[PDB]
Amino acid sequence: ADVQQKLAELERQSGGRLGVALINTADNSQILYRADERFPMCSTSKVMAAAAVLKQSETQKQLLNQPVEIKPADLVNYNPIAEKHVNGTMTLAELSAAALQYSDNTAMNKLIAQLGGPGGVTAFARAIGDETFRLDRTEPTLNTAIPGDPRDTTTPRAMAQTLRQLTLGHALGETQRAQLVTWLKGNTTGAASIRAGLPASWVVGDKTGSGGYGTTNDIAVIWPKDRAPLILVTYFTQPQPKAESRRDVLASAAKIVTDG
């Protein structure tokens, strides 16, 4: 009501396109803004890949311990963890943490390969009831975020529903659900995004994303002071290929939908 008006006011001054999906698990209420429009996921896609590899680890005992070779030719555009291990190895646990907490694009490419390509991540999405998610490309081209391109996109509504099932639902075994939530809570990249819009007392696990067209994304599980968890997806994209990131817009969207 006032929230829809305020989200429209924010978008109108933002210089881009804003998508919001909030799920309040206290009462299963939702706040949706362009929640059925497709947005480029960029690195928010890493949550689906890490979750798919967690699911694999329910049946392959010690999968997370399995060392994976990192070669110089594996490195892509953003490799803060992987570069230390070129001509060496990282475990699937280390690749999962590097992708989620550091947004390591080489780490994500090893998760994708472990799942049999982009289509294997999409198949996992389908298996947990997400019919909207699609991963089409590897890193780093999955972040081109070209307006109108359906590659590597989802909708705020579908991503909010998926994150709820992965982090609070029974899409994963209990140990795997706890590991995902532990990784998301240890994110290093999120303080300027959704978190920036919330009271300092609230606990957040999130995964950010960014790419071309100034695309600026965050998906978060939020444990508010004295309240049941929230799921929040904030996606934002701009019309110019070289636009700057707008994490402030995401913070503003989070303040609007949580202001009560």
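Residue positions are given as counts along the sequence shown, with the first one as 1.
Annotation for 37-45 versus 62-70: the higher mean temperature factor (C-alpha) is found in 62-70. In this crystal structure, the stretch out of 94-102 and 123-131 whose C-alpha atoms carry the higher mean B factor is 123-131. Among 231, 191, 26, 53, the highest C-alpha B-factor in the deposited entry belongs to 26. Ranking 57, 215, 30, 208 by Cα temperature factor from the entry places 30 first. Residue 110 sits in the lowest third of its chain by CA B factor, as recorded in the PDB entry.
Annotation for residue 86: C-alpha temperature factor in the highest third relative to the rest of the modelled chain, per the entry. The PDB entry assigns residue 169 a C-alpha temperature factor belonging to the highest third of its chain's modelled residues. For residue 148, the recorded CA temperature factor ranks within the highest third of the chain's modelled residues. Looking at the C-alpha B-factors along this chain, the one for residue 1 belongs to the highest third.
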